[PDB]
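Quick notes on the structure that follows.
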Amino acid sequence: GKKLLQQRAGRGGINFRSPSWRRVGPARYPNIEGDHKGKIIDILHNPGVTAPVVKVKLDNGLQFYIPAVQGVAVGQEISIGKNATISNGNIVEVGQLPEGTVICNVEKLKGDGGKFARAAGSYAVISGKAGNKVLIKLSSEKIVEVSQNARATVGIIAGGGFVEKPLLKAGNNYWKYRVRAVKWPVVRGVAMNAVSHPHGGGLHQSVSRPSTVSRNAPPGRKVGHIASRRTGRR
Amino acid sequence: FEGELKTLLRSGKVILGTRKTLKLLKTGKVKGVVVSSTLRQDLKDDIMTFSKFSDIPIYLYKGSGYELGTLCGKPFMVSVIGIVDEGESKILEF
Amino acid sequence: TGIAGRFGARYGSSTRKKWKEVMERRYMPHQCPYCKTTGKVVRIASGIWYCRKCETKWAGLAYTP
Amino acid sequence: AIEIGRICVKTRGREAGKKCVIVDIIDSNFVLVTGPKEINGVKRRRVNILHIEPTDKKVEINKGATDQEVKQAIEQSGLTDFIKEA
Amino acid sequence: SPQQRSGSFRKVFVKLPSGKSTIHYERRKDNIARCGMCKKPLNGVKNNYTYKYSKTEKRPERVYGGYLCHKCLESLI
RNA sequence: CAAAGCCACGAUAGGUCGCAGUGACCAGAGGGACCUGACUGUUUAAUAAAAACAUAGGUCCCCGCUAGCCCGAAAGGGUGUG
RNA sequence: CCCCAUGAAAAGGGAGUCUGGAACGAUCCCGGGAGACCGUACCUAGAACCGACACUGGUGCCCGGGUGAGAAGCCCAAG
């Protein structure tokens, strides 16, 4: 019948874009080629980020934004490049790091801007050294590999204890995603009419089919437990 | 260290408050000045800059105004200390 | 129970108790790492703190300096 | 230190960067100085002590002498154009 | 023309010897002009909804007098 | 401060009328036992407001960005100023 | 004081600093000259709009006394 709610987000309409003009800017590492020293000038909040950011002036006169790192302040100076030491907030490369180092916002390939450990509360740990690259573990206890000259920042991104405070109120939940393109509030499907949901319909609300399906399952039908390794509370 | 200081407060003349000592120090009429680590950096250089203009010994205090004031005994902190009379203590050589 | 009740008798005490304990730590008087605990610091937003003496903005946790 | 005959700058005021020579110490918080032949030739005017910043050059002058001798005293040291090099 | 914000809702009856009462609209206030690096509340510069062509009166005689105080400025000279 | 003129508010005494003194007007009936839904909220315009939906929370699944997710013919699009 | 919501951007103005230029020369006052084109009537709704109508439907928006907390009810000002 009429396509799924997940299907609707595939159109790329208004209901799914972000008002990033209300956001400070694209916070990825600006491209540098050597070693340079910068000072923090401001910290601002960025709505759909769940983590504070920093405005930092460059010694050569550049403006850029990076996720804010714990224990760093306005007016403190940050050096970036090969020569920089292991200090909180300094941006260095993995080639100089020792084992078990705590860093965040690790860059994948040179000049990309960092794609891992950029949210609040997380950190990056080093689990070894490869032949050409470095062993890095994210909070999900998995491992990724990034280049030698790939950049990173020593410290931890601010936002610890983020979810301890209960929402306590759907109003909070409503204004948590007021800017993020998450469709809110989420609506379950099992109570929906069958005309627009694979498990819709039926007076007695029940699971129509075993939710687990084969890997070759067509799009728009994969629902519920998708490629589950195991179920149960334990 | 503290025994040396505690003697000065007992009898030796002391100055409390940056404005007075900074007013006074530029005229080169202070025996010595001790500053805790908590001084606003805007003034620390000026003290250090003014330190060499009449060669007045300066001791850097790792503490804050509190422990400096707690030793000073005043309930409120002292950022700096001004001295115009060592009295009987043995601090100036430091 | 003080601040735990400022919403009346709603949402469940167990929820309230959890919201209770964390909240005081925000309002429990802290120690400014830069000037000193002399003045008190405030949490404008998660990670945002400065007392009214140091005038030193810095990165904090979600609810603690 | 703040001493007589030491060339020095002023933090503020119209000159706010021009120099004057210390002639006397009228009190613990004011001293009279004069940049005699600056580009503006600031007239003999005392100033607050928190209003100056000493330099690293000093000239020997008696107690509060006049313009003629500083006109010569500094050029005796040959620091005529170094008013700004001060 | 529809009830708007462009004009403070004033009237006229204090300083007034004739007999007639009405309404007037007048645009909002300014402040000391815009940008931000030292975020310091400035002073000593004139900013009226008209400009009297007063040259210096709107700017201090200090070196950076119209620019900002000496809190965040010794990075240039 | 305190006096004077004003002005508002809050109490005291005394007398006195009527059936009636928040005189009209304006203006909760209340109590007890039980079931269901946690609640404020939302919706069947023009037969239905509810126990129907969302909720705060617990719980599981997928995934290390050239990911995952989904849309088109294709350029690619959007979750991504992440 | 609140925020896991942090609450738009341009043009348009004004100022500051450094370079070059000519010596005349105004962000001063005084006298003089000019300043396209186009909107401009009326009605805002129990008769001026729509709902087929001179329609108790909707579409608006904003603003005296006493009694009285009151923009509640009543009555009476302006009309």
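So here's what we get for this one:
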item: Scope region C:3-15; condition within 15 Å of RNA strand G (Cβ to nearest atom) and not in a loop (DSSP other than H, G, I, E, B); matching residues; result: C:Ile3, C:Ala4, C:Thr15
item: Evaluation of A:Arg151 against (1) surrounded by fewer than 16 Cβ atoms within 10 Å (Cβ to Cβ); (2) of a type in the set (D, E, K, R); (3) more than 14 Å from every other protein chain (Cβ to nearest Cβ) (one fails), failing number; result: (1)
item: Residue tally, condition more than 8 Å from every other protein chain (Cβ to nearest Cβ), under 26 Å from A:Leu44 (Cβ atoms) and either in contact with a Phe, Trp or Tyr (Cβ under 7 Å, 6 or more places away or on another chain) or free of Cβ contacts under 8 Å to residues at least 12 places away in the same chain (or both), over region C:12-30; result: 3
item: Top-ranked residue of region A:123-142 - restricted to ones that are more than 11 Å from RNA strand F (Cβ to nearest atom) and polar (S, T, N, Q), ranked as nearest to the other protein chains (Cβ to nearest Cβ); result: A:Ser127
item: Wholly within region A:30-147, strands (runs of 3 or more DSSP E) carrying at least 1 residues that are touching a residue at least 40 places away in the same chain (Cβ under 8 Å); result: A:36-44, A:63-67, A:77-80, A:91-93, A:134-137, A:143-146
item: Filter pass, B:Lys13 being free of Cβ contacts under 8 Å to residues at least 40 places away in the same chain, over 11 Å from the mean Cα position of the chain (by Cα) and farther than 13 Å from D:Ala1 by Cβ; result: no
item: Check on A:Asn90, more than 21 Å from the chain's Cα centre (by Cα) and either closer than 20 Å to A:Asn31 by Cβ or more than 16 Å from RNA strand F (Cβ to nearest atom) (or both); result: no
item: Selection count, region C:31-65, where residues are more than 10 Å from every other protein chain (Cβ to nearest Cβ) and among the aliphatic types (A, V, I, L, M); result: 2
item: Pairs, first loosely packed, with under 10 Cβ neighbours inside 10 Å in region E:37-49, second charged (D, E, K, R), C-beta under 7 Å, six or more apart; result: E:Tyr49/E:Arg27; E:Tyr49/E:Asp30
item: Residue satisfying all of: in region A:67-117; in contact with a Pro (Cβ under 9 Å, 6 or more places away or on another chain) and within 14 Å of chain C (Cβ to nearest Cβ); surrounded by the most Cβ atoms within 10 Å (Cβ to Cβ) among these; result: A:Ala68
item: Lone unmet requirement of (1) under 23 Å from A:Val49 (Cβ atoms); (2) more than 16 Å from RNA strand F (Cβ to nearest atom) for C:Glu55; result: (1)
item: Strands (runs of 3 or more DSSP E) completely within chain D that count 1 or more residues being of a type in the set (D, E, K, R) and either on the phi > 0 side of the Ramachandran plot or touching a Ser or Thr at 6+ places or on another chain (Cβ under 9 Å) (or both); result: D:6-10, D:19-24, D:45-48, D:52-58
item: Members of region A:148-177 found to be touching a residue at least 12 places away in the same chain (Cβ under 8 Å), more than 10 Å from RNA strand F (Cβ to nearest atom) and more than 30 Å from A:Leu109 (Cβ to Cβ), listed by number; result: A:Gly161
item: Single match in A:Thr85, A:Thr50, A:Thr101 (criterion: closer than 23 Å to A:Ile136 by Cβ, within 16 Å of RNA strand G (Cβ to nearest atom) and hydroxyl-bearing (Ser, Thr, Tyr)); result: A:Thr50
item: Residue list for region C:22-65, filter: part of a loop (DSSP other than H, G, I, E, B) and aromatic (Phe, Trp, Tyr); result: C:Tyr34, C:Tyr63
item: Some residue of region E:65-77 being under 14 Å from the mean Cα position of the chain (by Cα) and of a type in the set (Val, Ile, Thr); result: no
item: A:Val54 more than 8 Å from RNA strand F (Cβ to nearest atom), within 29 Å of C:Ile44 (Cα to Cα) and among the hydrophobic types (A, V, I, L, M, F, W, C); result: yes
item: Listing of strands (runs of 3 or more DSSP E) fully contained in chain B that carry 2 or more residues being in contact with a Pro (Cβ under 9 Å, 6 or more places away or on another chain); result: B:32-36
item: Checklist (1) under 23 Å from A:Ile103 (Cβ atoms); (2) within 15 Å of RNA strand F (Cβ to nearest atom) applied to A:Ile40, failing item; result: (2)
item: Residues of region A:105-122 classified as among the aliphatic types (A, V, I, L, M) and within 16 Å of RNA strand G (Cβ to nearest atom), total; result: 2
item: Scan of region A:183-234 for residues that are of a type in the set (S, T, N, Q) and part of a loop (DSSP other than H, G, I, E, B), ordered by number; result: A:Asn193, A:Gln205, A:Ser206, A:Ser208, A:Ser211, A:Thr212, A:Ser214, A:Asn216, A:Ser228, A:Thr231
item: Residue tally, condition touching a residue at least 24 places away in the same chain (Cβ under 8 Å) and either loosely packed, with under 15 Cβ neighbours inside 10 Å or within 24 Å of B:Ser89 (Cβ to Cβ) (or both), over region B:47-62; result: 10
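So that you can scan it fast, the table gives a plain yes or no per residue for (1) within 16 Å of RNA strand G (Cβ to nearest atom); (2) loosely packed, with under 13 Cβ neighbours inside 10 Å:
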{"position": "A:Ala124", "(1), (2)": "no, no"}
{"position": "A:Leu138", "(1), (2)": "no, no"}
{"position": "A:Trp184", "(1), (2)": "yes, no"}
{"position": "A:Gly189", "(1), (2)": "no, no"}
{"position": "A:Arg230", "(1), (2)": "no, yes"}
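Virtual Cβ from ideal backbone geometry, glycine too; neighbours counted across all protein chains shown. Here, each number is a calculation from the coordinates, and none is a lab measurement.
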